[PDB]
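Note sheet for the following structure.
Cβ coordinates were reconstructed from backbone atoms using ideal geometry, including for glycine residues, and neighbour counts include every protein chain displayed. Nothing in this text is a laboratory measurement; each read-out follows from the coordinates by a stated rule.
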Amino acid sequence: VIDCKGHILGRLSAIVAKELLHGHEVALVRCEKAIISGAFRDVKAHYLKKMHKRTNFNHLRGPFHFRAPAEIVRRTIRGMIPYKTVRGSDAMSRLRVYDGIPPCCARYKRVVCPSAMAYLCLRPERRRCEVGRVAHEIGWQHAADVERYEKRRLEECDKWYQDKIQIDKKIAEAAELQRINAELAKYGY
Amino acid sequence: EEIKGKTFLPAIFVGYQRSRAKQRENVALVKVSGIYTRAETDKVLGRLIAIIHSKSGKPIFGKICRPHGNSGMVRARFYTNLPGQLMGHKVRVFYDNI
Amino acid sequence: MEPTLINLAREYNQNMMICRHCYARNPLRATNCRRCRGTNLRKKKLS
Amino acid sequence: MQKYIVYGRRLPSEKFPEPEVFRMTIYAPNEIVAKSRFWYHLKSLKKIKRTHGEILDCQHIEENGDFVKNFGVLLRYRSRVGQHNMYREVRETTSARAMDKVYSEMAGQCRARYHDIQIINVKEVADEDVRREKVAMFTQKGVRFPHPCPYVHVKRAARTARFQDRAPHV
Amino acid sequence: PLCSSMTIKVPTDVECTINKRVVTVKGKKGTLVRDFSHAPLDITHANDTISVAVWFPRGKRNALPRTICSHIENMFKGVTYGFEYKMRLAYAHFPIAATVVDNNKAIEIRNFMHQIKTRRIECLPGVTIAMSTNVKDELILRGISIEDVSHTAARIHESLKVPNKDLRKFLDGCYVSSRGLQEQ
Amino acid sequence: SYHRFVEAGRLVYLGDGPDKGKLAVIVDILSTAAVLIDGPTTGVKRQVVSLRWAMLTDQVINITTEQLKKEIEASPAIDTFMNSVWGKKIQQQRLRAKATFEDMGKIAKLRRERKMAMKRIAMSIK
RNA sequence: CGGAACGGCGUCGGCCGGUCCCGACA
RNA sequence: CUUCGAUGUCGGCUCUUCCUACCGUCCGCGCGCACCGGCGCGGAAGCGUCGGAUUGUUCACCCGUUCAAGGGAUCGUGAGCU
RNA sequence: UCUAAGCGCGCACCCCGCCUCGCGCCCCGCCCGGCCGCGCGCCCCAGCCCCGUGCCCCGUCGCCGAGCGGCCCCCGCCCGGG
């Protein structure tokens with residue numbers, strides 16, 4: 001479950017594409033807060049240029065260009081997978097992309113890829129645009145809803161924080177051999 | 001089978017050794033978990049490995065011989081060549097010498 | 001229009017140099033027209 | 001890349017019985033490339049091609065850098081228009097190391113490969129007479145500055161396996 | 001170790017505190033908060049000097065320290081006294097009727113070049129336009145924030161524009177006479 | 001930037017190269033991107049490392065190799081970093097490196113006991 | 001980031017000069 | 001170079017897309033821009049770019065009108081026609 | 001000083017709305033059934049407030065429940081007239 005706040009839309013899609021093909025299955029959340037490196041006007045025109053690519057004879061056989069950001073992250077991970085072959089079709093299916101943390105994956109333990117994070121990658125002043133804002137200007141009309149929900153979720157998780165320290169402080173308080181062997185016996189783990 | 005209480009160290013069989021125009025099915029590239037450098041792949045060199053054919057239920061045993069990358073994924077040959085449905089499945093290197 | 005209010009006008013209208021390639025207004029003490037990719041040609045005009 | 005002192009002389013001929021032994025200080029990775037630079041210098045300067053000449057000795061001179069020395073190197077290069085002359089000052093522990101830095105920078109900005117660059121002279125300019133501003137900052141001894149790349153611990157992420165619970169603070 | 005720095009002596013009337021890059025200037029007139037997240041900064045308080053200190057300026061990083069220090073100076077001036085931009089309506093045969101519509105928060109301009117269209121310019125928050133008693137045909141814009149006062153000043157000039165014509169002969173509309181950092 | 005600048009005296013953690021994990025005092029600063037590192041009591045020969053190969057410790061040592069070693073003897077900073085979290089973790093990390101395939105198995109089984117022990121106690125203490 | 005003669009106060013690196021405690025009518 | 005054991009070949013009609021090196025309209029900007037009007041730019045392809053006399057004619061030229069840019073798609077388009 | 005950091009205004013263009021289609025999905029009704037998993041602080045990186053860890057065992061001995069999700073789950077025609 002790799003959260004995508006601050007992660008590069010290309011570099012996360014390299015770590016996650018190897019995992020899917022290795023056969024791990026992952027869920028990506030908070031997708032709108034991922035960053036597509038470069039100035040927004042250029043990033044917006046690179047997507048509003050891609051959305052001009054369509055089969056002249058029938059735009060229905062044409063490349064499908066997706067506006068909601070969960071799809072924008074996954075179409076990228078589709079290039080880095082042999083989508084047409086069966087071993088690829090199983091892995092594209094093994095990716096669940098959620099724009100914003102839905103109640104479906106909220107309780108899941110969350111990990112982040114530090115290496116592909118724009119903070120640790122782009123130099124300060126490179127100029128970065130979040131796929132969520134590109135999404136709104138390419139044609140996403142569901143932006144406010146996913147922010148209202150995310151606020152309400154971060155609010156119930158703020159009440160939970162107060163509750164969570166209490167349960168885990170009692171656990172720690174009752175520390176009454178693995179602690180003195182697994183990381184402490186000429187092991188140092 | 002002869003595998004039940006083997007403690008085991010996890011692994012994933014990523015693919016057959018290959019070039020962009022030829023595939024050697026004789027060897028298998030196995031990604032052990034915990035081995036991140038070529039010199040690190042000396043603690044897992046020549047150990048027994050096992051992949052369970054999901055459909056057959058049998059433990060197809062194998063042996064690792066040489067590291068494939070500076071990264072430490074290690075090449076391995078199984079007693080019988082892996083089918084290919086098991087590409088991206090899970091092999092368990094056995095801690096127990098047995 | 002009173003002379004003081006014809007002076008305010010000229011300051012924010014007829015007192016700047018327009019490049020001979022960009023044709024875009026640039027400040028009176030000018031080195032390179034901002035919107036003509038540099039360029040060291042400028043003129044200005046008077047009513 | 002390494003300091004070799006090379007000595008050469010024209011073959012002994014009946015007209016002039018012993019030619020005066022020449023000496024040169026050539027910075028090069030290996031003896032074969034140092035000697036080739038020597039016969040690139042001697043053919044151009046003293047009208048003597050190795051085919052009619054003998055290299056007497058190529059002593060490999062190394063030094064112990066137990067301190068840092070401000071070094072100034074005058075070189076000449078070849079570009080897409082024509083040749084030029086550059087005084088580039090490099091601070092390093094050893095003169096051979098200084099030439100390595102001057103060779104990496106000259107190919108890094110001026111795009112000049114080893115063969116084109118010719119080092120006219122290399123000297124240990126003292127702290128008082130440093131001429132280049134970047135070297136001048138470390139001429140004084142206060143030298144306090146934050147690490148330029150603290151984000152460079154992004155190379156720790158590869159071994160952590162890019163699967164960290166939180167994004168690390170710097 | 002090369003850096004770019006400028007130190008601003010604090011005028012006692014101000015009590016600015018900078019946490020992160022956010023600056024907050026407290027003074028007799030009011031509070032002025034500005035966000036300095038955009039540019040790398042080592043802004044520091046202590047004593048009475050706020051010093052920018054941008055580190056290792058490669059080449060465009062040497063500019064921001066003076067600009068950042070400037071905005072901290074402009075912020076100090078507004079709270080101590082405040083910024084007044086006086087704009088003068090200039091016209092020939094057709095006259096201009098400008099009104100303070102709301103409680104100083106709005107201006108409406110009528111009869112410019114006999115335009116039936118009546119432009120109404122809403123001020124940015126805290127810039128209160130007022131008809132000027134001292135000169136006439138003049139609107140004084142008083143606010144602590146210089147940038148906000150000036151953008152409103154642009155809005156009134158921008159709204160009143162001759163459609164086509166030579167701007168030089170047919171010059172009208174409002175152009176700022178002079179910006180004043182004293183007496184609001 | 002706000003704490004810990006590159007100064008001579010700064011004990012430095014050497015991240016890359018063969019000096020992984022070693023700690024040494026920067027003596028002369030060659031350039032924005034290089035420093036001479038001499039650790040007289042930690043096996044780091046005086047050399048030039050980029051600052052990328054060198055994370056910086058908070059402790060700065062009040063300061064050849066004999067002279068620096070004589071200064072470290074007086075300076076209590078080297079011991080304090082070992083007491084510091086980064087140091088105590090660094091000692092623990094040294095034990096992890098001295099662990100082979102059999103010695104990885106014992107730990108893996110031992111930590112399963114913890115992964116269950118933590119989940120047994122957690123539900124009772126609710 | 002096919003391409004030119006050409007421009008550029010984009011940003012680094014040189015070169016040939018000078019003026020500069022006499023401070024670059026005071 | 002490809003096609004001669006065959007790629008229907010000129011224009012018109014009918015119809016569809018495309019391109020900007022944009023004529024009018026959209027947004028600015030410059031004038032030897034008072035106004036009307038002209039003229040030169042930069043962004044701009046959305047819409048408009050007609051009705052006719054002669055000629056097989058593409059073109060040409062004239063007469064009108066809400067005044068009328070240029071081209072491409074096997075010289076788009078013959079098991080669509082003429 | 002228009003721009004470097006910001007910041008305002010802003011085009012018959014563009015993107016969305018309206019509008020046409022819409023795979024699937026949601027709710028109710030009929031029936032209300034089976035199966036599967038086990039896991040959350042946030043924010044920021046020029047304060048980075050203690051950094052530079054942790055997990056590292058999805059069968060390896062884990063699998064009760066509770067509680068949160070999922071996942072399957074279900075519905076006639078002919079025949080007259082429009």
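For the reader, a short list of remarks on this structure follows.
- Tilt relative to chain E, helix E:63-80 - C-alpha long axis, 0 to 90 degrees, to 10: 70 degrees
- Treating r as the C-beta distance of E:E73 and A:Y149 and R0 as 60 Å, the FRET efficiency rounds to 0.85.
- For chain D, the longest principal axis of the Cα atoms and the long axis of helix D:31-46 meet at an angle of about 50 degrees.
- Longest DSSP-loop-exposure-free segment, GluC sites (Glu not before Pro), chain E, at most 12 other Cβ within 10 Å: E:16-182
- Ellipticity at 222 nm from helices only: DSSP H runs of n ≥ 4 in the protein assembly as shown, each -39500 (n - 2.57), divided by the residue count, give -8500 deg cm²/dmol.
- Beta bridge orientation in chain A: antiparallel %, DSSP, nearest 5: 35 percent
- Using the Cβ-Cβ distance between D:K15 and D:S44 with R0 = 22 Å, the FRET efficiency computed as 1/(1 + (r/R0)^6) comes to roughly 0.45.
- Cross-link pairs E:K9/E:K29; A:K33/E:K105; C:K44/E:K117; A:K50/A:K109; A:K33/F:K126 - those with Cα-Cα distance over 25 Å: A:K33/E:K105; C:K44/E:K117; A:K50/A:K109; A:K33/F:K126
- Nitroxide proxy distance, nm - points 7 Å out along Cα→Cβ at A:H46 and B:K4: 5.7 nm
- 0 to 90° range, to nearest 10: angle between helix D:95-108 axis and chain D longest Cα axis: 70 degrees
- Computed from backbone phi with θ = phi - 60° and the Karplus coefficients 6.51, -1.76 and 1.60, the 3J(HN,Hα) list for region B:11-16 is 7, 10, 7, 5, x, 7 Hz; x is used for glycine and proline.
- Centroid-to-centroid separation of region E:123-184 and region D:142-166 [C-alpha atoms, Å]: 51 Å
- Part-to-part distance (alpha-carbon centres) for region F:25-63 and region A:134-183, which is given in Å: 40 Å
- Given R0 = 45 Å, the distance between the Cβ atoms of F:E113 and B:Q23 translates into a calculated FRET efficiency of 0.55.
- Straight-distance crosslink candidates among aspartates and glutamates, where the alpha carbon sits under 14 Å from D:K101 and sequence neighbours closer than 8 are dropped: D:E89, D:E92
- Partners of F:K69 within straight-line reach, counting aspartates and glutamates whose Cα lies under 15 Å from its Cα and excluding those fewer than 8 residues away in the same chain: D:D66, F:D38, F:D79.
- Counting charges near D:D57 (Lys, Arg +1; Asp, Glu -1) among other residues having Cβ under 13 Å from its Cβ returns a value of +1.
- Ranked list, fewest to most other Cβ atoms within 10 Å of each Cβ, for A:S13, E:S159, D:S44: D:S44, E:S159, A:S13
- Relative contact order of region E:47-174, pairs being alpha-carbon contacts under 8 Å that are 6 or more residues apart, as %: 24 percent
- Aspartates and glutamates with Cα under 20 Å of E:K28, excluding same-chain neighbours fewer than 8 positions away: E:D13, E:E15, E:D48, E:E73, E:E84, E:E147, E:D148, E:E183
- Exposed-site-free run, longest, chain D (rule: GluC sites (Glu not before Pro); DSSP loop; at most 14 other C-beta within 10 Å): D:64-123
- Net charge of Cβ neighbours under 12 Å - reference B:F61; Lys, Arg +1; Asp, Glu -1: +4
- Spin-label model distance (nm) - E:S132 vs C:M16, 7 Å beyond Cα toward Cβ: 2.2 nm
- Based on Cα contacts under 8 Å between residues 6+ apart, region F:14-55 shows a relative contact order of 37 percent.
- Region D:75-103 and region F:86-126: distance between their alpha carbon centers, rounded to Å: 54 Å
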